[PDB]
2 protein chains.
Amino acid sequence: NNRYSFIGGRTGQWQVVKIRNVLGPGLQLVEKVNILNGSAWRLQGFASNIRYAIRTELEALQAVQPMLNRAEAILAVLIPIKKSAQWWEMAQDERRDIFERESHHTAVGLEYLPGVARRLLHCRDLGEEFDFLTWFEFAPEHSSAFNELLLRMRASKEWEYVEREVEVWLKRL
Amino acid sequence: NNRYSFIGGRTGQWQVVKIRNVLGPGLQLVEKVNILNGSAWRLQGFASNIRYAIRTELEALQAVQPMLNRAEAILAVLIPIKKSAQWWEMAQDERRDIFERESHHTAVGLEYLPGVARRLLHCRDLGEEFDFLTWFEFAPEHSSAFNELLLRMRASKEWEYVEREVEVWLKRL
Ligand code: HEM
Ligand code: HEM
């Protein structure tokens, strides 16, 4: 099943370390997040096909990207993202050009592998209040680098179209 | 709301003229189709963002494509489609190259506008048994042209990856 739910509340596999309400309405602070394949809030999204990456990029990613659930990867960050109406109205070439040619999303992110594992979920098509649920996990040694990655991405042209962003920092129980 | 359901059964706005089980398991013949925004079978899908078309192609489409619900558009065809796992594993560049560079999907389709109106719905990501629900509607004077179009698309490289396909031909009640 390709659907995942993230329930903020009193139970779950992850302890909430902090929530940073970066842009737009935040998410209520809670004790834990419960993740279900299939309390104060619920987010959901689905795993899907590639929308932007080209073969040579997938090959580079596959050579270095780590798996989820490494024993060492006791920290995670859930980052729900919404992009603007102007973004979604653009054509596929226009969006690819912003994503990679101008913002270097994949090339920059590759600089943080193999430290950081990731998962991308989609939810605009479900009618959710965010467009994406992005998930990252890593060992503590990579926290500083991950915080640097976030600031680099927020400086990019792609991020001019981000209208809501929340960081939910987690620790594996 | 971006979700649509198509219910084959005894009630609805469309009379079934015929069902052609083109490839793979078919759909049960029924009297009518009921279309709901939000019986023998139910199909559902969502309207989404552009995945392939580039800006100059959207411009060409917007110059000529007709609205849905024209008074004369008394015939329709609902065409559920499933593509193979090999298709979905390909990268975005590989899929785009097959879709347009090799198959000329948009260029060929444009030859049948403005006679044929259309809607594309996506449903792989809902876990449905098809990947897309395609909808076409037109006046009887365009039926022969539409049949030509179907034969051209089934001859294309893109259609080498189609693994299930059904035509539900409909008449507006
Ligand atoms: C850690 C290294 C990262 C790598 C290697 C990376 C890689 C990628 C790739 C290859 C895609 C495109 C997938 C596709 O073609 O469908 C993507 C999409 C996306 N990533 Fe990243 N990413 C990283 C970090 C981040 C971070 C830290 C964020 C959030 C702050 C983020 C947010 C997203 C979003 C929102 C999308 C969807 C873009 C859209 O479809 O418009 N990524 N990522
Ligand atoms: C009538 C003229 C037609 C035109 C102008 C046309 C145009 C298009 C366009 C521009 C797209 C890409 C949308 C995007 O970028 O997301 C598309 C997708 C699609 N069309 Fe057509 N189309 C036509 C006829 C047909 C026919 C007759 C069929 C079915 C037999 C069909 C099946 C599909 C499918 C399955 C997709 C999704 C492709 C994918 O995402 O892999 N189209 N069409």
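About the thresholds
Residues numbered from 1 in each chain as written, not as in the entry; some residues may be left out. Chains lettered and ligands numbered in written order. Heavy atoms only, no water. Donors = N, O, S within 2.8 Å, 3.2 Å for Na, K, Ca; no water. Helix = DSSP H or I, 4+ residues; strand = E, 2+ residues; numbered from the N terminus. Contact = heavy atoms within 4.5 Å. Buried area = accessible area lost by both parts, 1.4 Å probe. Salt bridge = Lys/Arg side-chain N within 4 Å of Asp/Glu carboxyl O. Near = heavy atom within 4 Å. Polar contact = N/O pair within 3.5 Å; in protein donor to acceptor, adjacent residues only side chain to side chain. Nonpolar A, V, L, I, M, F, W, Y, C, P; charged D, E, K, R; others polar. Buried < 20%, exposed > 50% of the residue type's maximum accessible area, 1.4 Å probe, protein only. Least-squares fit on C-alpha atoms.

Its PDB record attributes the structure to X-ray crystallography, giving the resolution as 1.30 Å.

All right, on to the coordination of the iron atom of ligand 1 then. Coordination of the iron atom of ligand 1 by the protein comes from a single atom, A:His105 (NE2), at 2.1 Å. Considering the arrangement of structural elements, one finds A:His105 in helix α4 (residues 105-110).

Let's shift gears to the interface of chain B and chain A. Counting from both sides, the interface comprises 24 residues of chain B and, opposite them, 24 residues of chain A. Summed over both partners, the interface of chain B with chain A buries about 1800 Å², with 40% contributed by carbon and sulfur atoms. Summed over the three residues of chain B that lose the most area to chain A, namely B:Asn49, B:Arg55 and B:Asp125, the buried surface amounts to 30% of that side. For the pair chain B and chain A, the number of links is 5 salt bridges. Among the ionic pairs, B:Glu94 bridges to A:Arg55, the shortest N-O distance being 2.9 Å. Listing elements by their share of the side of chain B that touches chain A, those giving two or more residues are α1 (55-64), α2 (85-89) and α3 (92-102) of chain B. When residues in the side of chain B that touches chain A are grouped by element, the largest group, 4 residues, is from α3(B).

Residue and element names in this part refer to chain A. Among the 27 residues in the neighbourhood of ligand 1, the closest are listed as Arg51, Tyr52, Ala53, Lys83 and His105. In this structure, an oxygen atom belonging to ligand 1 sits 2.8 Å away from a main-chain N or O atom of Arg51. Measuring from an oxygen atom of ligand 1, one finds a backbone N or O atom of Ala53 at 2.9 Å. Secondary-structure elements contributing two or more residues to the shell around ligand 1 are β5 (75-83), α4, β6 (117-122), β7 (132-138) and α5 (143-154). For the shell around ligand 1, a count of residues per class yields 18 nonpolar, 4 polar and 5 charged.

Here the focus is the pattern of salt bridges. Residue and element names in this part refer to chain A. Under the definition given, this model contains 23 salt bridges over all chains. The partner of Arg96 in a salt bridge is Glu57, and the shortest N-O contact between them spans 2.9 Å. Residue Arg96 is found in helix α3 (residues 92-102), and its partner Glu57 is found in helix α1 (residues 55-64); the two are separated by 39 residues along the sequence. The exposure class of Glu57 is buried, given its relative accessible area of 13%.

Superposition of chain B onto chain A requires a rotation of 180° combined with a translation of 0.0 Å along the rotation axis, giving an RMSD of 0.1 Å. Here the two chains are linked by the operation of a two-fold rotation axis. Minimal C-alpha distance to the rotation axis in chain B is attained by B:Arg51, lying at 3.5 Å. Of all interface residues in chain B, 100% are interface residues in chain A too; the two copies therefore contact each other through one and the same surface.

For the rest of this paragraph, the subject is the side chain of A:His122. All names here are of chain A. With respect to the element layout, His122 can be found in strand β6. Given a relative accessible area of 6%, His122 falls into the buried group. If near-sequence neighbours (up to four positions away) are discounted, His122 is found in contact with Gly45, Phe46, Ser48, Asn49, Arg51, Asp131 and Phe132.

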